[PDB]
Amino acid sequence: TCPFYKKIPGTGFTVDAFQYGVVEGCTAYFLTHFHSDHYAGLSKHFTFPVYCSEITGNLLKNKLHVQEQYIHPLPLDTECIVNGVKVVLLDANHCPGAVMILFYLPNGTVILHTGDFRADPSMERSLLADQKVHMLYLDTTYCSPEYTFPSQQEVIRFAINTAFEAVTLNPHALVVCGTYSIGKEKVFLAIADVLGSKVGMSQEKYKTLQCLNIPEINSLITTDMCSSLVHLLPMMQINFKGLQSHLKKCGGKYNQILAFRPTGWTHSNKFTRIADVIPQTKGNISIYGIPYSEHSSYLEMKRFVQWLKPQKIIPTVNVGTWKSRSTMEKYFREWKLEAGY
Ligand code: NI
């Protein structure tokens, strides 16, 4: 049945609650972003109002064939009225079109649902600074202090310099990047840009990127694999077998593959610095796992919450085990005592 942490008290609203059939008493279904665990259940046969960002609304229409009459896109940073309740969508710094949702309840409670986010100090200067938040529904994906990772900027720097060096040493090397959902486009776009290539991809993936309002996208991507030296493939194909296979398909145009797997966290982060990352190599194929995250590190999450000073926190991730729940509540208490709210 729909879990309580997907329901917004004092409204008829749910968030990211599309897989439970008809939720009893729900008058509006919000969707924070176009990732499958969140949209699971939507299709062309959905007949209730869906509230989301413009970009998420492009993907509902074009990829899932949801009917236009039921898509209600809202502009960001703008006070809007939904079934008599004031709401605002804010940028979540996750994947394209991902938002956080501020709800202003008739009784005077203010609720922030983060969706999926990577907390950033820039959020401290949005509409959030302007009033108090009583309840926070928080993306707790990496809520544990072992989860450190570099800035997105440092990771992109590493990837650009790596690719550029490899291709300039060997002009017959191909670069490949894995993907399984929207998000992390900076990885492959930044590499293509330094190499003066377009990124080549399947028709299904090109269609997906064409929904995302990226400026100058027609200049950066293509479905012609032959004219491109940066190829995107499913994440599943990023391994020695899948890459040898792909290399055979290119018909002796290339003699080396350099491949990137943008993982979330991996346990080499406890020890290793970004400077010090090394590939796994077999023959003429090298594979780099890089820690490009679109979720908050532990410290970024702690700073955001200690800044917001909410009265109650409701976790949305890692809630399935008692040991996880109990550990998270312990960190919430430390943060509160240390900051004095
Ligand atoms: Ni997500």
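Note that the numbering runs from 1 along the sequence shown for the chain.
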If you count heavy atoms of other groups shown closer than 6.0 angstrom to CD of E334, is the number above 12?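 Result for CD/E334: enclosed.
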Give a yes or no on this: more than 12 heavy atoms of other residues, nucleotides or ligands lie within 6.0 Å of atom CD1 of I278. no
Can you tell me how far the [atom1] atom of [X] sits from the [atom2] atom of [Y], to the nearest 0.5 Å?
| X | Y | atom1 | atom2 | result |
| --- | --- | --- | --- | --- |
| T78 | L74 | OG1 | CG | 8.5 Å |
| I101 | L89 | CD1 | CG | 6.5 Å |
| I313 | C143 | CD1 | SG | 8.5 Å |
| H72 | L60 | NE2 | CG | 11.5 Å |
| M328 | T140 | CE | OG1 | 4.5 Å |
| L299 | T148 | CG | OG1 | 8.0 Å |

Minimum side-chain heavy-atom gap [X]-[Y] below 4.5 Å:
| X | Y | answer |
| --- | --- | --- |
| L233 | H246 | yes |
| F260 | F188 | no |
| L232 | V176 | no |
| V133 | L128 | yes |
| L59 | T208 | yes |
| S43 | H65 | no |
| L174 | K253 | no |
| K61 | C211 | no |

Give me the atom names and distance for the closest heavy-atom approach of [X] to [Y].
| X | Y | answer |
| --- | --- | --- |
| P121 | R125 | O-NH2, 3.3 Å |
| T47 | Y70 | O-CE2, 3.5 Å |
| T56 | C52 | CG2-CB, 3.8 Å |
| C250 | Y254 | CB-CD1, 3.7 Å |
| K207 | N62 | NZ-O, 2.9 Å |
| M135 | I314 | CE-CD1, 3.5 Å |

Apply side chain to side chain contact (heavy atoms under 4.5 Å, CB included) to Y341 and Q306, showing your working. CA-CA 8 Å; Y341 50 102; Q306 283 181 314; 4.3 Å; yes
Does a donor on one side chain and an acceptor on the other come within less than 3.5 Å for [X] and [Y]?
| X | Y | result |
| --- | --- | --- |
| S227 | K198 | no |
| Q131 | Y104 | yes |
| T27 | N83 | yes |
| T179 | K205 | yes |
| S326 | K330 | no |
| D16 | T32 | yes |
| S286 | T281 | yes |
| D139 | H295 | yes |

Could you tell me whether a side-chain N or O of [X] sits under 3.5 Å from a main-chain N or O of [Y], the two making a donor and an acceptor?
| X | Y | value |
| --- | --- | --- |
| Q19 | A40 | no |
| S296 | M301 | no |
| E54 | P73 | no |
| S324 | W322 | no |
| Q237 | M235 | no |
| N93 | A119 | no |
| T327 | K323 | yes |
| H231 | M225 | yes |
| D77 | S126 | no |
| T272 | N269 | no |

For [Y] together with [X], are the ring centres under 6.0 Å from each other?
| X | Y | answer |
| --- | --- | --- |
| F117 | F304 | yes |
| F30 | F103 | yes |
| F271 | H267 | yes |
| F13 | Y29 | no |
| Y298 | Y147 | no |
| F149 | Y142 | yes |
| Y39 | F34 | yes |

Check against side chain to side chain contact (heavy atoms under 4.5 Å, CB included), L138 and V305: CA-CA 9 Å; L138 177 70; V305 177; 4.2 Å; yes
Hydrophobic clusters here meaning ILVMFWY residues chained together by side-chain heavy-atom distances under 4.5 Å, can you tell me if [X] and [Y] are in one?
| X | Y | answer |
| --- | --- | --- |
| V22 | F46 | yes |
| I290 | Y180 | no |
| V319 | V317 | no |

Passes side chain to side chain contact (heavy atoms under 4.5 Å, CB included), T141 versus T316? Steps please. CA-CA 8 Å; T141 298; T316 64; over 6 Å; no
Which residues pass the side chain to side chain contact (heavy atoms under 4.5 Å, CB included) test with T109, sequence neighbours left out?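 Side chain to side chain contact (heavy atoms under 4.5 Å, CB included) list for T109, sorted by chain: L105, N107, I111, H134.
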Those residues that, when tested against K86, pass salt bridge (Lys or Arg N to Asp or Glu O under 4.0 Å) (two or more places apart): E79
Pairs in or reaching into residues 295-308: which pass salt bridge (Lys or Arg N to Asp or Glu O under 4.0 Å), with residues at least two apart or in two chains?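 Pairs touching residues 295-308 that pass the test: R118-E300, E124-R303, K302-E338.
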Between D116 and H35, does a side chain to side chain donor-acceptor pair (under 3.5 Å) hold up when you go through it step by step? CA-CA 10 Å; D116 282 351; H35 279 166; 4.6 Å; no
Test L102 against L90 for side chain to side chain contact (heavy atoms under 4.5 Å, CB included), laying out the working first. CA-CA 8 Å; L102 256 187; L90 307 163; 4.3 Å; yes
Can we say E294 and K184 salt-bridge, meaning some charged N sits less than 4.0 Å from an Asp/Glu carboxylate O? no
